[PDB]
Amino acid sequence: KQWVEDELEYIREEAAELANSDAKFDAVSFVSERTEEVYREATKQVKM
């Protein structure tokens, strides 16, 4: 549960890390598909 909170702030810290390049304008579906990914790994870590 600490690992999810330490990694969810990293997803914010990398979606605001591209020097705000508007090329990748869609940071909405970046923190969507990488929050689903961090919840699928917490489930893998609980079951391990």
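Readers should treat all values here as calculations from the given coordinates under stated rules, not as data from a laboratory. FYI the Cβ positions are ideal-geometry reconstructions off the backbone, even for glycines, and counts take in every protein chain you see.
Among the residues of segment 13-48, how many are aliphatic (A, V, I, L, M), in a helix (DSSP H, G or I) and surrounded by fewer than 10 Cβ atoms within 10 Å (Cβ to Cβ)? Can you show your working first?
If we filter segment 13-48 for residues that are aliphatic (A, V, I, L, M), which is where we start, we get 15-16, 18-19, 23, 27-28, 31, 38, 42, 46, 48.
With the extra rule that they be in a helix (DSSP H, G or I), the set shrinks to 15, 31, 38, 42, 46.
Of the ones still in play, those that are also surrounded by fewer than 10 Cβ atoms within 10 Å (Cβ to Cβ) are 46.
The total comes to 1.
Please identify the pairs in which a residue from segment 2-16 that is closer than 9 Å to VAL38 by Cα and in contact (Cβ under 8 Å) with a residue 12 or more places away in the chain has its Cβ atom under 7 Å from the Cβ atom of a residue that is assigned to a helix (DSSP H, G or I) and of a type in the set (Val, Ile, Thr), counting only partners at least 6 apart or on another chain.
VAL4/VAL38; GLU7/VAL38; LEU8/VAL38
Taking segment 1-12 as the search range and keeping residues that are more than 9 Å from the chain's Cα centre (by Cα) and part of a helix (DSSP H, G or I), which one is surrounded by the most Cβ atoms within 10 Å (Cβ to Cβ)?
Looking only at segment 1-12, we keep the residues that are more than 9 Å from the chain's Cα centre (by Cα), and these are 1-6.
Retained after the next criterion (residues that are part of a helix (DSSP H, G or I)): 2-6.
Details: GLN2: 6, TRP3: 11, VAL4: 14, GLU5: 10, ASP6: 10.
So the residue we want is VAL4.
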